Every structure is written in C-alpha cells, then in structure tokens.
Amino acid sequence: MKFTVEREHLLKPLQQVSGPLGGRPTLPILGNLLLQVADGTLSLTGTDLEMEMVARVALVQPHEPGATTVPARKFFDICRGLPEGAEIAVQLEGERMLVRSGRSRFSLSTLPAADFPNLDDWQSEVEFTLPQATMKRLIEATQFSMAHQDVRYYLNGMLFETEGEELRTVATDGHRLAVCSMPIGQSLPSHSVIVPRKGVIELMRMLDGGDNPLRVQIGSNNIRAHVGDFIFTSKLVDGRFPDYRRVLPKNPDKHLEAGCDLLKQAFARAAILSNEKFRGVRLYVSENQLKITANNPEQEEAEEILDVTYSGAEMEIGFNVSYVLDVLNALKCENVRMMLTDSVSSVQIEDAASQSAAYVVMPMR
C-alpha cells in the first residue's frame, strides 16, 4: 500500500480516529490505527474494542491499495509536526511504514491489518439524521447527570430514546436526573438504548459544529453516527435504564422562578461553607424570597437571601448543592423554574422559557 495526501486532508481525520485511544492500551494493536487504501480512498480506523472511529480521506494523487496498522500517536505527531501545506507520501515497505515529506523521513513499525479488531456486523434498526447542534444540545444538557463508575453500569451511560419525531437523552446517577427532548422532523419507531460514557464523549468530540448533518443508526446492540467523512460506532450498554417518566414529579404544587445567574452565584457562595463530603445546603422558600443556608462540621455558616417569584406555602428543603449547581450550569438561560412538592420529594428544575430539558434532583434529609 501507498498514498500521497496533503497534510491538511489528513490532520482532522487522524485526530478524530485517535479519539477512542488511551495512553496505555490493553492490546498493543489498540495503540495503532488501521490504514486501508482502496478505490481512491484512505480509511483510517481507531478502536478500543467497545467503539470504533473510521475516517475516509479522498486520494486524488497516485496510490496503491493495501492495509496496515501504525502507531496512532507517532503517526499523528509526525503529520502534525510537518509544515503547513506539506505533501505526505506514505508507503508500506516490509514490516515498516515509510513516511516522507520534503526532506523529512520516518519509518514506523507496523502490526498486521488482519490482527486489527473487527467490530461485529449488525443491521441498523432505526436511522435518522439531525443537525450536529441538536445532538450537541441533547448530550450537553444531560451528560453531567450520568453516574461516575457506579456498580449499576447502566447508569454510567446515556439513554437515547426515539419516540414519534423526538430524540431524547436521559442521564441519572440515582440521585439526580437530566432529560432532554428535541424534535427530529422524521417519524421514528419507539426505541430506547444506553450509550456508554465513552461513546457519549466520542459522539460529542465528533461534532465539528459546522453545516454537515449527523446521520444516526441504532441497532439492537450498537449505535453508529456519520458526520461528514467520519463514522463512529459503539456497542450499547446491555441493561435496563430506569423509567424517567416515573421519576418526574407528577403535579408540583409549588413553582419558583429566579434569575439563573443570581441563583447560581448564591448557591456557589453558600457551597463554600457546606460539608465537603455531603454538600448539604438548605433552601427556605417563602413569598417572593429564597434563603439558602449551609454549614459544615467546623461549624462555619453561609446564608444567602434572594428575591425570587414564589407565591406558594413556605417550606424547607435540603439539597446537595453540587447537584443544583450542575443543573444551573447546564441551563445557560436567563431564568429558571423550580417545581417543588414537599421536603422529602424531588424538585424539577427547568428553563423558565423552555420545557425541552428537565432536571430532577432528589433532596437531602
């Protein structure tokens, strides 16, 4: 195999395919990228066994078909290290891959293409396209609520749910939940899948922001996303995700509205004097007022008083301030709505101007 490609045509694909790859791989071949020349296209593949990233690069310049695997980080660094506009001539010579550009020459060790892990074939059950910005919004709105290395593995991922013309993401750690729904403009069958944490991270990373729409294909045990010349494929988490619909407060009697920034800053300041482990704060809701208090084992105390829009009954609710701040930071809006029941029931937090994202936080006794 041989190919000549402009450095500019190779850089973003190399960066994208090196994504699933970590500092210390399990197998040495996992530290390598699979390079395949065929039909005037160079395919680059990176894997971690659970997910794969494939990039396709058009070859205009003479090339010979073939395949090999090269150390990803060394190959990317070589190409990146080359000057702007450099022409990269690559050729397979025995058990070495030769990289030449100008008066720069590199010989990289190879591992056979036949040894490269093949992700199992599957047929797509549900396919839809959506703007990149929509996928970014869906992920960013819920990602922080995913569990961190929880024993219940199904919580360490993001639920992706199709229902009618909507795509929905759900993330929960058992204490707080985030749910985001976005219209797709295509009638979809009801499907529900769990995308692992790393798959979620990769889906985010692949979104360049540009005009290119994102094509999503969901199978029974895998998910695939196509963006421009990239194809990301991930295994799904085999588990049953909790029902978010049951978690949502049914008819919250109490509705509080406040400026997101003022609310966030008051909680951020009060957080300083809350228990380092338990992060407990107290909310005292009263007519057009919110009082936030915190105290820690060193007996330090914080108090914040805000003007809010509230007319219901006075109540005292405890919350892990980190969970509240996470929601307020994910919101990025002018005003927020907090929907309360009682002191022992979950709060629903939203944009006061949008119901597309809902945040459910279970309180603290």
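Rigid core here is just the name for the largest C-alpha set that superposes within 1.5 Å across the two forms. Counting begins at 1, following the sequence as shown.
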Quick note, superposing on core in 7 other deposited structures of this protein and taking C-alpha RMS, the more shifted stretch of 307-315 and 51-59 is 307-315
Comparing 42-50 to 298-306 by root mean square Cα deviation from the shown form in 7 other deposited structures of this protein, core aligned, the larger deviation is found at 298-306
Inset, instruction - Determine, among the other compared PDB entries that model residues flanking residue 12, whether at least a third leave it unmodelled. - result: no
Of the other PDB entries for this protein whose models extend past residue 21 on both sides, does at least a third leave it without coordinates? yes
Entry B factor averaged over C-alpha atoms, 188-196 against 208-216: higher for 208-216
Between 38-46 and 314-322, the record assigns the higher mean Cα B factor to 314-322
Top Cα B-factor in this entry, restricted to 106, 128, 116, 241, sits on 241
Entry record, C-alpha B-factors for 123, 110, 132, 289; the maximum is at 289
The third of the chain into which the C-alpha temperature factor of residue 346 falls is the highest
Residue 249: CA temperature factor from the record, placed by chain third, in the highest
Assert third(CA B-factor, residue 140) within chain per record equals lowest
Binned into thirds over the chain's modelled residues, the C-alpha B-factor of residue 21 lands in the highest
Residue 155: CA B-factor among chain residues, third -> highest
